[PDB]
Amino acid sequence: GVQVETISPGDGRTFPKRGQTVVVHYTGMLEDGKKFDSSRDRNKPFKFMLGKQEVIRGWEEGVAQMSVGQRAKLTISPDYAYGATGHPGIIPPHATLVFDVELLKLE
């Protein structure tokens, strides 16, 4: 599954739901490894629409637990990320992922 651990608090009121456009900054890391990607490298925020399965399941379930303004750590098991296959060259097989996510706004 996905574990959500808060780093810094959001508004405690505005939590995204299916069909909303969520704007975030994030860093993605392998558990027991290093960073593999971040939004903040280019500084252009990452945008996605919740509940359209355009991001991994752990994001779908974990970002839905975040409110606007919040920064949280998401720990995502392989079955909620990229499973047995991964994405060779960036995410290995059977990888647990850790993300530092900051939910900026709904757009």
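When you see a residue number, it is the position in the sequence shown, counting from 1. In this text, the rigid core denotes the largest set of C-alpha atoms whose superposition between the two forms falls within 1.5 Å.
- After superposing on the rigid core, the larger RMS C-alpha deviation in 6 other deposited structures of this protein belongs to 83-91, the other candidate being whichever of 83-91 and 21-29 remains.
- When the other structures are laid on the shown form by the core, the C-alphas of 45-53 and 32-40 differ in how far they drift in 6 other deposited structures of this protein; the larger average drift belongs to 32-40.
- 59-67 and 41-49 differ in mean CA B-factor, and the higher of the two is recorded for 41-49.
- For residue 84, the recorded CA B-factor ranks within the middle third of the chain. Only modelled residues enter the ranking.
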